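Only one chain is given next, in structure tokens, and it is the form deposited in one PDB entry.
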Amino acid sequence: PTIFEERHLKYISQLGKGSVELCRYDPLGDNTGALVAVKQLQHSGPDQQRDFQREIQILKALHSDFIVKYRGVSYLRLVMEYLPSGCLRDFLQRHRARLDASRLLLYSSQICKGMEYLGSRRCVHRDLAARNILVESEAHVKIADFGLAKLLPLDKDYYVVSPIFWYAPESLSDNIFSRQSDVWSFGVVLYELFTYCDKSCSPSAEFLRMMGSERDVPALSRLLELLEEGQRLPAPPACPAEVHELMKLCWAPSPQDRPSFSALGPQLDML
């Protein structure tokens, strides 16, 4: 087996905390090696470990320009491509003044094409949020963290099994996840994009406000009560009304009434 030999994976810095670190894969020892992102588990708890082998095989199998590339393994460590610009949540709040609604639409369209591919592979990400979207360059974004990703059963369109503010009502109430629960998450991502990930009006900061002053009432209970009423995240300030309408559709109470990614794609592209 031709792997990323541990002795050749030269550590540089941390990308996130298991954990992710930036390494230079230098098999020739002449410091001419390529920079790769390397994922590993730190406090290796037996259940998180089986989840890691599932994750590796999923990413290995996915081939979208909008999903992070799998590179290989080291030994367990998952080797992937390195996207230097970092997290989309950081990128939006740092360069907010230089990014217009047309550029946010380019990101929405790229995440959408990414998620559409995911669906055709009968995979459910489950953690679709701006915190797990990476930046290639100011004109290209890629989806990351397949840590929570689940493959749909060969006979079923749903799957019963923490990020509750991106979770659909069926996810909240009965732990049901499908491509349509990722459409609900996509609607929250559009909110994040169009608020430029402002800490002030984050989906987390906004729902807590809506939940009220009764903290002993379980979040899962208070959030579901709110989403059953029809209460939603507000229209982002200055957000194109055509976009906030697509957000509302992603937020339909029943999963069958939410648009598909295949349907959303042109609607985004044609604005």
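Throughout, rigid core stands for the largest set of C-alpha atoms superposing within 1.5 Å between the two forms. From 1 onward, residues are counted along the sequence shown.
This next part talks about the form deposited in another entry, which is not shown.
Here the rigid core is superposed between the shown form and the other one, and of 61, 205, 241, 28 the C-alpha of 28 is the only one to shift by 2 Å or more. Once both forms are overlaid on the rigid core, the distance between the two CA positions of residue 225 between the shown form and the other one is under 2 angstroms. After superposition on the rigid core, the Cα of residue 215 moves by 2 Å or more between the shown form and the other one.
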